[PDB]
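Each chain gets a letter, A, B, C, D, E and F, in the order it is written, and its residues are counted from 1.
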Amino acid sequence: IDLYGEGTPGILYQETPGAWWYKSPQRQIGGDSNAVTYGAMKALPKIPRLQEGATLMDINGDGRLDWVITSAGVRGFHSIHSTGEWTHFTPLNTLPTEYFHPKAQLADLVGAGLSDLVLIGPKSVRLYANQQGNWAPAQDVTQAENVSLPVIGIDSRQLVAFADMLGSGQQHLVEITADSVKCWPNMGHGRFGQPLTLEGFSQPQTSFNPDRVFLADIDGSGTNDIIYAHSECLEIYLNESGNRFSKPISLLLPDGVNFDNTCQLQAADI
Amino acid sequence: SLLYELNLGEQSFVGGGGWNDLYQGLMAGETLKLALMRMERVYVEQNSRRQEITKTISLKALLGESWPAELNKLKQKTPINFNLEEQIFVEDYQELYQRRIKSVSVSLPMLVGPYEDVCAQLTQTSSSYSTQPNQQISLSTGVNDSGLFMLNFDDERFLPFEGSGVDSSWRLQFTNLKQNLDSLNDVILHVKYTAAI
Amino acid sequence: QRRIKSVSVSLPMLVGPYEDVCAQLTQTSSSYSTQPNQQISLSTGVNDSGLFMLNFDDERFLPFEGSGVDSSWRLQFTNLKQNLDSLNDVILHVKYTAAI
Amino acid sequence: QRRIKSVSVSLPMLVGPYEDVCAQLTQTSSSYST
Amino acid sequence: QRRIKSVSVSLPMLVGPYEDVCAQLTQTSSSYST
Amino acid sequence: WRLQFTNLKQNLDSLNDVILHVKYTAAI
């Protein structure tokens, strides 16, 4: 993560209590003032860091991180400055929602930078509650019963995500098969619009394992673009204005390499 | 063992004088057999399921205004003495007719060095209700410490404060002197206790 | 035929960090002709079941094991200081077994 | 030779939060006289 | 001295959702008269 | 050792390589 607030993530390998070791992005010596590298790790004093629902989350929306405490009966965070100042522990006027499960945990639709959980699927909509790192009551709503129902967590050659194909900035619910894409308009509290299909995507249903897809916007517009793995090549699908999709770019992998279930693709601004 | 494990007042089955010379103690074991049988009966009869309660507490919240002074004494690594008010327990569940401590654990909002083994220990001075080797636990994880390399229930041996009366007094102190303590915010206790009705 | 094997409860709620919610449930009576087992005291509320470590096949019977399905119940909080406005609703969970 | 040891099922579906889908499966008959 | 206790295998591969790859391994012979 | 696939319909072009794992015990 970018714990330091570089505007660039650092590689904070961490293994055990204390193993917090930030391989950090550094300018290369020589050349244009563009060349950058991950320098060596560093150790810094840190929380016991375990059994706690560990994560370097900014819970408050500062742009600057806390670390989550959620052990059995044990609940709050610390805050960490760019200096690495792990502030003293913070009980939180604590009233987080009961964690039944992570399954279908919402984030965005409370409003940008205000993220909060909702656990949800068909015919109902729990309400988010986060303000500024505290929470309201987690109220109940539903949209109108005609509205098509988005629901996370089936592997059958299919995916669901909170990710903005549309590029408004709202990481809309989108559902993907081997063959089609549908996306639900943001409607705020407890509500969604009838979904829009986005034309153009497909893949052979014989072989479309869902996880071979990758989610990023590439064009820089905001419209989330699409990538799919062949063992030799990437198929890259670019979002037409948030409406449909271009002919896929086919990209040859590094020579002799083959992509496989070990491989982890990502995109980043290293 | 049986009597402590069920606190069934005052009853007995074992008795001295079973040996005799004129009969070379021949029947003794048989008498023991019967006594054992009666104890077994009573155990099965009385070992009914019992209420189980999880309780937790901030030291700061407990100590109120004294808290910062005691926290200073802690920072200074001096031992802290304090007691448990069972009134809290009747507040939480007034209906229960008896309460005995089953187990305990501790948690420390703290920062720790990567491989820093915080060194501290806790001990019980005394306890109410008439309920040393079990009375002392040494702690170094601090996340959810309980003094055992692998905690589990139903140990064939009794747990550090198993069956202790709820109202009780305690002493706590750090032991490693080099370790920095300014990191410490507060301490939260955890207790498993069981109760009658 | 249907008989109750076990039960658990869940509360959509917000809880203080170290707040031990205090409440308990009890069975008044049950149908089918199917007290020490009839009462359970609860403080996690996430998926409470009144046991420090739940498991099947206890050498002793579970709180409502073998109870007739149709049955009546009483539920109440016990800690009075704890705020309750947080409460949305309660969801029960039941394991039961049946004949054919 | 082949004999069945055990079975399980999976349904690509959406389910209500606390919706307990209710269905059942049964075997009518089997080859090899088991 | 060295004797085999157990073995396992791993395949860098892509698999269909419910594709059960089918293959098998066997030992022909071994040293040390085991 | 001998190794072979058995399902014939299954595509195999996906295959990169195979990695074995062995637990063994030894004297000194």
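Just a few scattered comments:
Simple rule for what comes next: a residue touches a chain if its C-beta (ideal position, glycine included) is under 8 Å from a C-beta of that chain, and two chains touch if they have at least 3 such contacts.
Remark: rotation between chain D and chain E after Cα superposition is 70° (nearest 5).
Looking at contacts between chains, the pair that accounts for the most C-beta pairs is E-F.
With centres set at the average Cα position, the gap from chain B to chain D is 48 Å. Averaged Cα coordinates give chain C a centre that lies 30 Å from the centre of chain D. Chain centres here are Cα means. That of chain C falls 50 Å from that of chain F. Between the CA-based centres of chain E and chain F the separation comes to 5 Å, rounded to the whole angstrom.
Annotation for chain F: residues touching 2 or more other chains are 14, 16. Of all residues in chain A, those touching 2 or more other chains are 69, 73-74, 76, 155-156, 207, 231, 258, 260, listed in ascending order. Applying the touch definition to all chain combinations yields A-B, A-C, A-D, A-E, A-F, B-C, E-F.
Every residue of chain A that touches chain B in the complex is listed here, in rising order: 16-20, 43, 45-52, 69, 71-74, 76, 78, 86, 88-89. Across the interface of their complex, chain A is touched by residues 12-17 of chain E. The part of chain F that touches chain E in the complex is made up of residues 1-7, 10, 14-27. Considering their complex, residues 10-20, 44-47, 85-86, 88 of chain C touch chain A.
Taken in their complex, chain A has these residues touching chain E: 155-157, 206-207, 209-210, 212, 229, 231, 258-262.
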